[PDB]
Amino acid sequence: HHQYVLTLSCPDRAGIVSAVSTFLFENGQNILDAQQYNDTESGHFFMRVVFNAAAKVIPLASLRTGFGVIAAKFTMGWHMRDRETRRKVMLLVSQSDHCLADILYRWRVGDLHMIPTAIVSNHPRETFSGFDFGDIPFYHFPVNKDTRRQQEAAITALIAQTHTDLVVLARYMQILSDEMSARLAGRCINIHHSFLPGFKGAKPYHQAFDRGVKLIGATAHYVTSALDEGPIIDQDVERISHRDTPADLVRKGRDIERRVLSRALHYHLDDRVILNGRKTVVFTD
């Protein structure tokens, strides 16, 4: 028995839950799990509903057509899919291999429900070591200050060829152009370190070490034109002590970075993240 998930956001208005649940009811479906949230400050409503067939077995394509009538009337941004259909995910990497290694591990053991389409890098394959990607293809697309348009065009073509749904910047260090970021709105997740308090300028890990901080954090977010400043999906920290050398800070920074990105990716892949302007609504569990 197939389960489906619907997520949506729209301007707050009376009777949204009534409209959505009545549609599922009249179309012979049954609600398994659902959550709703009204952001009264932004005037937007948010819903996640997981459902399956009860009196009528209606295929996804028909339900979408049907639900599109409601979505249009309520000005909804929405998505309905079969919980079994894995999203096609592309992984971009530069030098650091920790987020890449963790995502692949989590995918391999059944914790991330996805189909990796490709591993893409601005550096050659042989700069990475200790990896067997099996049937996941690795692509080297070189780039410099004068060839960004050509390189982005190449990545964009591959995203299309592979029908990629999500791009993960797993410590990919080349900045995406405003246009490429715009094309990947809500479909590109980045990870970066975060400190309490923040350090700016050269050598942030050595400044943190000299400051004697007791925590190191990481922030996973959707990519926009503002460098490392798009909608935050998830944040977490791990402990730092007097015992930790600068080398230990780097290792712990890598650990919280991979933890936060993999958890963020899990929320995205489980249809738990909905954009709310500059922010996100995340239906956790």
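Start at 1 and count along the sequence shown; that's the residue number.
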Between 114 to 122 and 204 to 212, which has the larger average Cα B-factor in the PDB entry?
-> 204 to 212
Averaging only over Cα atoms, indicate whether 228 to 236 or 256 to 264 has the higher B-factor in the PDB entry.
-> 228 to 236
Highest CA B factor of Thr164, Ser194, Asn190, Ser94, as deposited, is found at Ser194
In the PDB entry, which of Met47, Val57, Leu32, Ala220 has its C-alpha at the highest B-factor?
-> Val57
Relative to the other modelled residues in the chain, which third contains the C-alpha temperature factor of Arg81: lowest, middle or highest?
-> lowest
Would you mind ranking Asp132 by its C-alpha B-factor against the rest of the chain and naming the third, lowest, middle or highest?
-> middle
For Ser62, return the chain-relative third of its C-alpha B-factor as stated in the PDB record: lowest, middle or highest.
-> highest
Chain thirds of CA B-factor: placement of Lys279 | lowest
If you rank every modelled residue in this chain by C-alpha B factor, which third holds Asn38: lowest, middle or highest?
-> lowest
